[PDB]
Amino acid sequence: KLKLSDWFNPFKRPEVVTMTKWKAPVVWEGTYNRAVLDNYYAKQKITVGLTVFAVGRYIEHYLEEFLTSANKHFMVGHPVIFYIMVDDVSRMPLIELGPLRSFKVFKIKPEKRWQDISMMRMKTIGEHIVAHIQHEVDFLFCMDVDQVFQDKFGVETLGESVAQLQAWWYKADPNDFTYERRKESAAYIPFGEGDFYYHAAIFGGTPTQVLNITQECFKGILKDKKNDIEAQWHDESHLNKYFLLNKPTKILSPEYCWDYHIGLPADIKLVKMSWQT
């Protein structure tokens, strides 16, 4: 019993793309009513999970800043569980969590190549969804550790499957997209096809949707492997493949995952989350 016109007003931003050929909204600053959604979701006692991985140097360079900013800005006012995957828990920074946040740490086996660390996430996440995340949360987000929340990343971001507009190509055209183009990759996207180029630093949805995203992506990662090939942008190419065959129900503007090295365009009203230094 919740409708688009209840919380979303596109006309608040006519200059940017707020809707998709498939009726899915694209959230931009000013286009949303958190207050109504906060109220709507709190009634439902909704709870949101956030998985984040950090093996090796990334642990001391980013984990703490990630957790600290998430604590302060992610789904504030709703129960959230942080799922922390590390290779060495003794190096795990323990920050002080605030109201409605709790966490769980897990020790994972550290892959030799970072590219595989990043890709093996697809398999791990899936294992954890089937094991417990499926039963602990209503919505799940999977993020990259080397990020930082800047402002409120709220419930205006929930949906059945949520993708992130890659900051450097949302304004671009599809054939410029660095999709995988080698028909030998499961991640292959013809030169005619493609809707957008999604950032893999942030994807989410319901546990069931996320389990499907992650399963399909790992199968792709494995198919490509038995074929002695590696998608150019690894898991992100597979995700883009996936999000093409299965359009996302919600897409988030680059304002949610902004690269300040792109400066500060006029079409990015307020930055919720930026890439790390």
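Numbering starts at 1 and runs along the sequence shown. The term rigid core refers to the most C-alpha atoms you can superpose between the two forms while keeping them within 1.5 Å.
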| item | value |
| --- | --- |
| Outlying stretch relative to shown form, 119 to 127 versus 154 to 162 in 5 other deposited structures of this protein, C-alpha RMS (core) | 119 to 127 |
| Higher-deviation segment by CA RMS in 5 other deposited structures of this protein, core fitted, 180 to 188 or 106 to 114 | 106 to 114 |
| Stretch with the higher entry mean CA B-factor, where the candidates are 86 to 94 and 127 to 135 | 86 to 94 |
| 165 to 173 set against 145 to 153, stretch whose average Cα temperature factor tops the other in the entry | 165 to 173 |
| Deposited CA B-factor, highest of 72, 199, 113, 78 | 113 |
| Chain-relative CA temperature factor third for residue 102 | lowest |
| Record-listed C-alpha B factor of residue 246: chain third | middle |
| Chain third (lowest, middle, highest) by recorded CA B-factor, residue given as residue 53 | lowest |
| Record-listed C-alpha B factor of residue 209: chain third | lowest |
| CA B-factor ranking of residue 229, expressed as a third of its chain | highest |
